[PDB]
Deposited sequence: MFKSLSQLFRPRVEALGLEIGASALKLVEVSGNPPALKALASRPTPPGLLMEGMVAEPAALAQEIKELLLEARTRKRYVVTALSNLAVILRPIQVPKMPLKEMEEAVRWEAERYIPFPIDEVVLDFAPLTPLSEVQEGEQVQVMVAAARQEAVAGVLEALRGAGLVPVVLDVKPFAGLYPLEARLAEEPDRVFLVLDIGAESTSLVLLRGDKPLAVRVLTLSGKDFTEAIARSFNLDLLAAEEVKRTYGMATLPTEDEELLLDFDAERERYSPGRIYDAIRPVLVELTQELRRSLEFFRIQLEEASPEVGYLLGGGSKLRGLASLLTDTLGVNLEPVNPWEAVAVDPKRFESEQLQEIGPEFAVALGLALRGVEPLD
């Protein structure tokens, strides 16, 4: 049956939940809890029952009766890459994808796999070549998450991938400019993704290892601080500068590199920033200057009706970079 499902992001820094509902969709509830250490390791859920208890807190905090959910795998658990295949009937395409994907997957095809055509299949004939985006994950990564959700009393309807789910609240705005080339960066705590689009159609995705944790770890090193305290220092201050400079330089290089490899193999007018790592003070200006792309924060909540009597627009805005993904997952939960 046709359920309105919740959006949940099992983030490495924060576990975040969003409830949306109604026919034009409206925000109903949201909640965030810091992720306890040891629960996630390198994209896997190492402590699923402990995650289940954390996710229960979220459902209590949001005060929701909903028990269906869309969530997402960590970017470190999924391989995302495009693959050229001839158009065939759907069951036949699956086998072709699985066959082609086999070469790019550093473990036994034990894998869960999905794909989606980068261009509409109806616009080409049988046998012509189409680019599909393939996603692949270890069955174990998927199993850790489903076991977590089961302990929490939740039923998953979709297991999505963050670089695209983060885009759902921007999609109507990206469709306004169907021919414009846009970049969207999600700087997380565990990874940074980049997605390059034309209008609302992805052209490429790249995931970098470098992220908010790296900035915390450099502050930590530079001042023998604990992670939480280095983290708090990162938030309030943003000399800090001297400790985080090599991270800034390295992130800037890695992002110039990715863009140069996009331009070689396939280039951004404007861009958007999401993810809490994008709020480091001044980062947006730095990245604008250094990548030659006007990069802006953006408010994901505009995708949804927000009741001024229940939420402060000012507060929503502040947490919009961290919540873009959970909001996209909640939008998916109420599709179509």
Parts of the chain sequence, as deposited, that carry no C-alpha coordinates in this structure: 1-10, 120, 250-274, 303-305, 376-377
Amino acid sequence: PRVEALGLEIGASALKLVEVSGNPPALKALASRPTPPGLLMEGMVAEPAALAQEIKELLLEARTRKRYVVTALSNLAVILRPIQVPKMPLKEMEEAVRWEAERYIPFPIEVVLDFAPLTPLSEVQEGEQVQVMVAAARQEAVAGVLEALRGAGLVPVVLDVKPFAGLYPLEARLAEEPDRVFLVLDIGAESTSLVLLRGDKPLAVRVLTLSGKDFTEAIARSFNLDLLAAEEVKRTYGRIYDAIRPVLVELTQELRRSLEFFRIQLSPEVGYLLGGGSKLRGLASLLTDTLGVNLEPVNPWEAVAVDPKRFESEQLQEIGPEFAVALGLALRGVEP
From here on, numbers count along this sequence of modelled residues.
Residue range whose averaged C-alpha B-factor is higher in the record, 123-131 or 184-192: 123-131
Of 68-76 and 218-226, the one with larger mean CA B-factor: 218-226
Among 270, 59, 52, 29 - the residue whose C-alpha B-factor is largest in the record: 270
Most elevated Cα B-factor in the entry, residues 34, 292, 275, 300: 292
Ranked against its chain, the third holding the CA B-factor of residue 207: lowest
Assigned third (lowest, middle, highest) for the C-alpha B factor of residue 336: middle
Chain third (lowest, middle, highest) by recorded CA B-factor, residue given as residue 253: middle
Third of the chain, ranked by Cα B-factor, where residue 166 sits: lowest
Ranked against its chain, the third holding the CA B-factor of residue 140: highest
